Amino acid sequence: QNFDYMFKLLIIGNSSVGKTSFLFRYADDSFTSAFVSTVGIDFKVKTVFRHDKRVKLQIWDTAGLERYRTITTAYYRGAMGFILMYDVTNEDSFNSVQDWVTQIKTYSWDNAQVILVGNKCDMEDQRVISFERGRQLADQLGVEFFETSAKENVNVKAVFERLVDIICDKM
C-alpha cells in the first residue's frame, strides 16, 4: 500500500573500500573517518520518489572481510541490484572486481543489475587506479560506472538513482 516497488540492494566489495561509509552518506548524510569493519550484514531502509512512483529500498551493507563471505553471499538471493565497490587508492580491491562479478553471477538472479563504483576519488594524492581504468573495466563487463567519494559526497546519490532506474527499465 505504501510503495509501488520494493528493491533489495546489496553493497559488496573488499574490506575498507568504503561500503558502510557509502550507505551512511546516502541514508544519513554523515561520515566518519573511523574504520570499524562490518560484522556479517546490516541494512537500512530508504524510500525514494521516481517518476511519480514510491520505491522502497532495502539496502544491505555487506562485510568485505573474507570471514563473512559465506553469510553475506547468502543474501545475494533476492537482490535486484548490486553496488560493486573498489577503492581507487587500493589496487588489490580493483583486482578483486572480477571475483566479485563471478560471485554475483553465481549467487544472484540472472537479471540483477550491477553498477561498478570506484570510491575515495577525493584521495587524489593516494590514487593508484585511474578513472579511465575503472571505466574501461566497467565497459568490458557491460555495466555502468561511477567514481564516488563518500567522504565529500560525490556521486553517492547518483549511483543509487541510476541503479533504481536500470532495475525499473529491466522490468
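Numbering starts at 1 and runs along the sequence shown.
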Which has higher Cα B-factors on average according to the PDB entry: 41 to 49 or 117 to 125? 41 to 49
For the stretches 67 to 75 and 83 to 91, which has the higher mean C-alpha B-factor as given in the deposited record? 67 to 75
Member of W60, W109, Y26, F146 with the greatest C-alpha B factor (per the PDB record): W109
Chain third (lowest, middle, highest) by recorded CA B-factor, residue given as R54: highest
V36's Cα B-factor: lowest, middle or highest third of the chain? middle
Please place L141 in the lowest, middle or highest third of its chain according to the CA B-factor in the PDB entry. highest
